[PDB]
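Below is one structure, written out as structure tokens, with a few remarks after it.
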Amino acid sequence: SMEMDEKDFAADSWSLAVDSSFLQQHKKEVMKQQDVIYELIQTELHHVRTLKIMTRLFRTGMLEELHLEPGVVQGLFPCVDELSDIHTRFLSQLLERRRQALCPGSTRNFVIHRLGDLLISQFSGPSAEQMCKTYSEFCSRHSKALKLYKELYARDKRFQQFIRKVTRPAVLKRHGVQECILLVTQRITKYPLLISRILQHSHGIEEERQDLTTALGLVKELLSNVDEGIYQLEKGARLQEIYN
Amino acid sequence: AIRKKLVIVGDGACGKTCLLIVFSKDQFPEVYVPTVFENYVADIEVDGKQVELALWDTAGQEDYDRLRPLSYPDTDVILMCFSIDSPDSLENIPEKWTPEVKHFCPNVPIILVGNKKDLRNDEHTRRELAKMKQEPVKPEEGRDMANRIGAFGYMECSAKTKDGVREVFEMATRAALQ
Ligand SMILES: NC(=O)c1ccnc(NC2CCCC2)c1
């Protein structure tokens with residue numbers, strides 16, 4: 001993450017991020033809505049950060065320091081470039097929506113009134129098809145990536161020293177290789193929980209309640225499709241095992 | 001310190017997310033209770049042993065039968081949750097959650113946890129349940145279910161007041177060490 005976005009999302013809530021004199025001017029219902037939208041953007045910033053640790057710290061570090069076969073590194077980090085592209089673009093749109101809503105003379109005071117349209121765009125058309133194909137591929141390769149990691153850590157000394165070295169800082173405590181993989185797999189099932197709670201506090205404008213209801217339906221359709229498209233790959237699986 | 005992995009399972013209204021949030025922050029949030037929990041690695045010292053306990057939630061995965069099992073690899077202890085204000089969440093324990101966890105996590109200790117124990121003596125809760133010929137889950141009903149499903153043990157807690165929360169995670173760490 002970059003310092004500017006980290007500071008903007010350092011607080012535990014929207015009500016603690018904005019100035020108290022700005023918070024005071026809003027009704028409780030607006031505050032409750034903004035606290036959940038803030039959590040959606042904050043967790044998206046953290047998810048993009050998880051993807052950067054996987055691409056820049058682990059993947060590129062292995063290619064540069066271990067000179068490991070590119071096919072082995074790909075098995076450990078399936079679809080990480082495509083996932084980073086999808087979520088960095090989504091994060092860019094969420095952060096721009098917040099930035100446009102800032103009051104003049106402030107870098108922290110804002111109210112996002114129109115999130116639904118952005119979520120409909122993300123979870124429909126080509127971007128939704130790309131998310132569907134990418135998570136179907138990622139989640140089907142998840143178990144294989146973990147087994148490949150566990151084999152390499154146990155039999156390779158330079159790989160073990162690489163992992164121990166790059167994961168030693170305290171800021172990496174929750175972000176080991178296996179932890180990043182499960183964090184990415186679990187991300188997509190967080191969206192209906194966040195959107196349903198934003199919707200609960202978005203009845204004030206009928207256009208917004210309708211947009212969030214459509215977005216919620218699109219996210220669930222995407223998840224149902226991803227879930228149906230998963231078939232766990234296994235290194236050294238035989239054709240007979242597959243067709244039976 | 002040895003690394004252990006804990007996963008919490010249970011129905012959508014069982015309070016598993018709130019339980020993980022309260023333990024990881026050591027507080028019931030006074031300003032905003034998060035909707036979701038990413039992960040956390042707790043430094044725990046139990047009975048003289050230091051453990052790094054990685055915590056994971058299955059919330060949001062309840063309707064997705066092929067995504068949900070991806071949370072299970074290398075799990076060391078399962079917390080199987082139900083809500084005491086929801087006798088229906090207890091009934092789904094033996095024939096939905098238990099066969100699933102025994103299949104993907106053979107030989108992993110399961111601790112059956114009754115959440116929201118504060119609601120057992122809450123007037124509104126008792127009134128609403130009485131309209132459907134029901135009452136809050138009794139301590140013996142929780143123990144009997146835990147005994148029936150082959151659970152390592154039975155425990156109760158309240159994420160709202162923090163009572164029993166520390167004990168659940170310390171016992172989970174001991175179960176993961178066995
Ligand atoms: N027996 C222990 O070491 C212990 C007790 C209570 N909580 C612990 N976990 C931390 C993680 C975040 C909040 C405190 C650890």
Side-chain angles (χ1 to χ4, degrees), chain A residues 1 6 9-13 16 35 39 42-43 45-47 49-50 53 167-176 178-180 182-183 186 190, chain B residues 1-10 14-59 71 74-81 84 108-118 151-178:
Chain A
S1 269
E6 283 168 17
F9 290 88
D12 288 346
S13 70
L16 290 165
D35 276 338
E39 190 189 353
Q42 187 183 57
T43 61
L45 181 65
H46 295 170
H47 171 71
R49 188 161 71 198
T50 295
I53 292 165
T167 71
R168 200 169 279 121
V171 291
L172 268 323
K173 199 189 175 65
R174 346 206 246 253
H175 285 84
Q178 301 186 268
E179 289 72 23
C180 289
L182 187 47
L183 281 162
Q186 295 197 342
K190 303 303 189 184
Chain B
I2 208 178
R3 172 63 74 91
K4 297 298 183 165
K5 174 180 170 182
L6 177 152
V7 175
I8 191 158
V9 300
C14 78
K16 52 194 177 173
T17 307
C18 287
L19 178 59
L20 288 168
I21 291 164
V22 166
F23 177 66
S24 66
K25 290 173 156 287
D26 192 19
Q27 197 172 344
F28 180 77
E30 294 172 352
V31 170
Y32 177 71
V33 176
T35 313
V36 307
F37 176 81
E38 302 151 302
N39 74 340
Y40 193 79
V41 175
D43 284 322
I44 291 173
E45 189 187 274
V46 68
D47 301 316
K49 298 192 167 196
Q50 267 280 334
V51 170
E52 268 200 324
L53 186 70
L55 312 176
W56 300 91
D57 197 357
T58 53
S71 298
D74 293 326
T75 297
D76 297 297
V77 56
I78 293 279
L79 298 185
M80 184 174 287
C81 289
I84 286 161
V108 172
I110 296 169
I111 295 177
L112 183 68
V113 178
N115 275 353
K116 317 188 187 185
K117 75 180 171 72
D118 50 293
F152 176 76
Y154 177 68
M155 310 185 75
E156 295 186 346
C157 70
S158 170
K160 193 174 187 187
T161 72
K162 302 194 306 191
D163 196 34
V165 175
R166 185 210 86 233
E167 302 90 321
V168 162
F169 288 90
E170 288 175 345
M171 179 61 65
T173 304
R174 169 175 141 190
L177 286 163
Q178 308 306 295

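Scope of the values below: all heavy atoms of this structure, side chains included, with no hydrogens, waters or symmetry mates. Just so you know, ligand 1 is whichever comes first in the structure, and atom 1 is the first atom listed for that ligand. Convention: sequence-line order gives letters A, B, ...; per-chain numbering from 1.
- Which parts of ligand 1 touch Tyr40(B) is read off a 4.0 Å heavy-atom cut-off, strictly below it: atoms 11 (C), 12 (C).
- Summary of contacts: the protein heavy atom closest to atom 12 (C) of ligand 1 is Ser24(B) O, 3.1 Å.
- Residues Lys173(A) and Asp43(B) are paired through a salt bridge, judged by an N-O separation under 4.0 Å between the basic side chain and the carboxylate.
- A salt bridge between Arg3(B) and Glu179(A) is present, with a side-chain N of the basic residue lying under 4.0 Å from a carboxylate O of the acidic one.
- Ligand 1 lies within reach of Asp43(B), whose nearest heavy atom is under 4.0 Å from it.
- Within the structure, the closest approach of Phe169(B) to ligand 1 does not fall below 4.0 Å when heavy atoms are considered.
- In terms of protein heavy atoms, atom 7 (N) of ligand 1 is closest to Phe23(B) CE1, 3.4 Å.
- A side-chain donor-acceptor contact under 3.5 Å links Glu39(A) to the backbone of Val36(B).
- The closest approach between a heavy atom of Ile44(B) and any atom of ligand 1 is below 4.0 Å.
- Among all non-hydrogen protein atoms, the one lying nearest atom 3 (O) of ligand 1 is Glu45(B) N, 2.9 Å.
- Between the side chain of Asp76(B) and the backbone N or O of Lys5(B), at least one donor-acceptor pair lies under 3.5 Å.
- Atom 6 (C) of ligand 1 has its closest protein heavy atom at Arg166(B) CG, 3.6 Å.
- The main-chain N or O of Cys157(B) is never found under 3.5 Å from a side-chain atom of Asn115(B) such that the two would form a donor-acceptor pair.
- Looking only at distances, no side-chain donor or acceptor of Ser71(B) sits under 3.5 Å from a matching main-chain atom of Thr58(B).
- Salt bridge status for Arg166(B) with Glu170(B): present, with a side-chain N to carboxylate O gap under 4.0 Å.
- Looking only at heavy atoms of the protein, atom 5 (C) of ligand 1 is closest to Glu170(B) OE2, 3.6 Å.
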